[PDB]
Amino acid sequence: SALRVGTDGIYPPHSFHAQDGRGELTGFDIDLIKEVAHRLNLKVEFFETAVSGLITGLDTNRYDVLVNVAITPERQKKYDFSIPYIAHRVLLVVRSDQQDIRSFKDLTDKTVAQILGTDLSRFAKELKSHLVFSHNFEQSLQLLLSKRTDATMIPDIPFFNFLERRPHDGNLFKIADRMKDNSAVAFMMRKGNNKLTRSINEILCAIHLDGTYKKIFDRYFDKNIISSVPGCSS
């Protein structure tokens, strides 16, 4: 009777602690999965783990659901996904006065802040960038400001949240490039609980249809900048 959810609560606006990190867990993905659980007549339990350990807790049955996971073919082979519930676009962020980075290709031989254990850290490695590993988005941006790194590839959702919380810091950063396509994000689960997946999917449609999706979406994000996914019918 519990839905067990793994997350790292240092990632606003997805998953963070209220009162500048001192209070209860909150965020878009948190609110959404809690609403799902309640509609399934389940209590939600959260577990907080460093990002580089999130998948292994799922693998070893410490919890059942991971939030905010980008869908990839390798993941689809090994895990089950909900229907997508938001999308992000990857941005190439540099200091506002940087002049030698105009594309993802220019990251070769440059120093780049990425989160250990992520797909973007692997892409940076494959580009022959020089990586400095950060604990989260905030730290990636701070490494860029301090000049430890010259760039960071960061999804739009957290970057724009950063700009809303710290608008006077905005002038220190610019977007040099961005991926041509966005990427679907879903809840990720172990293979072999079709029943749970379908139930989550069903409730997600209901949440779109009665306006609850929009209410949770508008609590965290600006619809002029961040993409939603399509709604449902019936």
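Whichever C-alpha set is largest while still superposing within 1.5 Å between the two forms counts as the rigid core. Start at 1 with the first residue shown and count on from there.
**Student:** Between 115-123 and 101-109, which has the larger RMS C-alpha deviation from this form in 4 other deposited structures of this protein after core superposition?
**Tutor:** The answer is 115-123, which departs more from the shown form in 4 other deposited structures of this protein.
**Student:** Consider 166-174 and 46-54 separately and indicate which one has Cα atoms farther, on average, from the shown form in 4 other deposited structures of this protein after rigid core alignment.
**Tutor:** Between 166-174 and 46-54, greater C-alpha deviation in 4 other deposited structures of this protein belongs to 166-174.
**Student:** Per the entry, where is the mean C-alpha temperature factor higher: 138-146 or 89-97?
**Tutor:** It is 138-146.
**Student:** On mean C-alpha B-factor from the PDB entry, just flag whether 150-158 or 74-82 is the higher one.
**Tutor:** Comparing averages over the C-alpha atoms only gives 74-82.
**Student:** If I read the C-alpha B-factors straight from the PDB entry, which of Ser199, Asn68, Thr26, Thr49 is highest?
**Tutor:** If I rank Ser199, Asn68, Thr26, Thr49 by C-alpha B-factor, first place goes to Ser199.
**Student:** Thinking about Cα B factors across the chain, which third does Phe221 belong to?
**Tutor:** Top third by C-alpha B-factor.
**Student:** Ordered by C-alpha B-factor within the chain, which third holds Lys34? Give me lowest, middle or highest, please.
**Tutor:** Tercile = middle for this residue's CA B-factor.
**Student:** Please say which third, lowest, middle or highest, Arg190 falls into when its CA temperature factor is compared across its chain.
**Tutor:** It belongs to the middle third of the chain when residues are ordered by C-alpha B-factor.
**Student:** Lowest, middle or highest third: where is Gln114 by C-alpha B factor in its chain?
**Tutor:** Lowest third of the chain for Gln114's C-alpha B-factor.
**Student:** For the chain shown, is the CA B-factor of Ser103 in the lowest, middle or highest third of its modelled residues?
**Tutor:** Highest third.
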